[PDB]
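To start, the structure itself, in structure tokens.
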Amino acid sequence: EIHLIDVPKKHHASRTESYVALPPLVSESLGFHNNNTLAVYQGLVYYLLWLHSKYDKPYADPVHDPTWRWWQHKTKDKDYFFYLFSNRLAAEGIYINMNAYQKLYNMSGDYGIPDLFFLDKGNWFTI
Amino acid sequence: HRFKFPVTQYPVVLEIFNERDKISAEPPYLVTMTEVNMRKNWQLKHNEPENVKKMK
Ligand SMILES: *[C@@H]1O[C@H](CO)[C@@H](O[C@@H]2O[C@H](CO)[C@@H](O)[C@H](O)[C@H]2NC(C)=O)[C@H](O)[C@H]1NC(C)=O
Ligand SMILES: *[C@@H]1O[C@H](CO)[C@@H](O[C@@H]2O[C@H](CO)[C@@H](O)[C@H](O)[C@H]2NC(C)=O)[C@H](O)[C@H]1NC(C)=O
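Quick mapping for you: the protein sequence lines, in order, are chains F and E. Take the first sequence: its position 122, counting from 1, is numbered 759 in the entry's author numbering, and each next residue is one higher. Take the second sequence: its position 21, counting from 1, is numbered 964 in the entry's author numbering, and each next residue is one higher.
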């Protein structure tokens, strides 16, 4: 048999930036999604990628991870919003979760030797 | 339990018991005080952080 152990992180080695955008929750008893719920999902994914594009501005900004500037003040109201959804009192029954739409830096997922490797000025890797 | 005239800053410690643990009462678990005997010469003082301004 042959095995690779002490493999190196695929996303760091291949230098890939990864986002996550999970669908908004629905209070419908059967769990189905309307066309308007899918429209909301569409717009939220678009706005995530829009921040991905606008993060390339020259000025640093105070906090890394661009999605911060999207949530900002709203992060203080989460319980309130969640309350209105738990008791199904919230508008069209949709729930927009802050943590659902964000850029992941470190995850432990698919492994093995990555295909691409990137090197810069004497940095090394091991297999 | 007996108390001396003015009772000031009497701490209402609320503990939630969850089998494995007992944690303190959190701001999501907002609470109400009532006096079942209908007396009304009492006051309750509390701090409001900007986590309940909207819940409250
Ligand atoms: C989801 O589908 C509904 C239809 O069930 C769309 O609502 C229609 O919108 C048009 C606008 O041109 C109206 O003429 C129709 O009368 C509407 N239908 C009803 C039943 O009122 C709705 O637009 C769709 N959702 C989205 C986001 O486009
Ligand atoms: C309720 O009374 C307690 C005292 O038992 C207060 O707790 C103190 O708060 C001050 C800050 O103002 C701290 O310096 C002390 O260390 C605290 N003591 C203890 C034992 O926790 C509490 O602040 C009071 N509640 C409110 C809303 O003011």
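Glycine included, each C-beta is placed from N, C-alpha and C at the ideal position.
- For residue 664 of chain F, no alpha helix (DSSP H) run applies, since DSSP gives it neither H nor E.
- Partner residues in the beta bridge of residue 967 of chain E, as assigned by DSSP, are E:958.
- A distance criterion of 7 Å places the beta-carbon of residue 676 of chain F in contact range of ligand 1, judged by its closest non-hydrogen atom.
- The C-beta of residue 975 of chain E has fewer than 16 other C-beta atoms within 10 Å across all chains shown, which makes the residue exposed.
- For residue 726 of chain F, the secondary structure class from DSSP, reduced to helix, strand or coil, is coil.
- Within a 10 Å sphere around the beta-carbon of residue 739 of chain F sit 16 or more other beta-carbons, which makes this residue buried.
- Measuring C-alpha to C-alpha distances from residue 734 of chain F to each of F:705, F:647, F:662 identifies F:662 as the nearest.
- Not one heavy atom of ligand 1 is found less than 7 Å from the C-beta of residue 994 of chain E.
- Out of F:756, F:638, F:658, F:712, the CA that lies nearest to the CA of residue 741 of chain F is found in F:658.
- For residue 647 of chain F against residue 747 of chain F, the beta-carbon gap comes to about 6 Å, under 8 Å, which counts as contact.
- Looking only at F:640, F:673, F:649, F:638, the smallest Cα-Cα distance to residue 745 of chain F is reached by F:649.
- For a Cβ distance threshold of 8 Å, residue set 713 of chain F lies close to residue 993 of chain E, ordered along the chain.
- Leaving aside the five residues that flank residue 730 of chain F on each side, the residues in its chain whose CB is nearer than 7 Å to its CB run, in chain order, 663, 664, 665.
- Rounded to the nearest angstrom, the gap between the Cα atoms of residue 660 of chain F and residue 696 of chain F is 32 Å.
- With the rule of 3 Cβ pairs closer than 8 Å, the segment 711 to 725 of chain F counts as touching the segment 990 to 998 of chain E.
- The DSSP-derived three-state label of residue 682 of chain F is helix.
- Residue 720 of chain F sits in a helix when the DSSP states are folded into three classes.
- Under the three-state reduction of DSSP, residue 741 of chain F is assigned to strand.
- Residues of the segment 707 to 731 of chain F with a Cβ closer than 8 Å to any Cβ of chain E, in chain order: 713, 714, 716, 717, 720.
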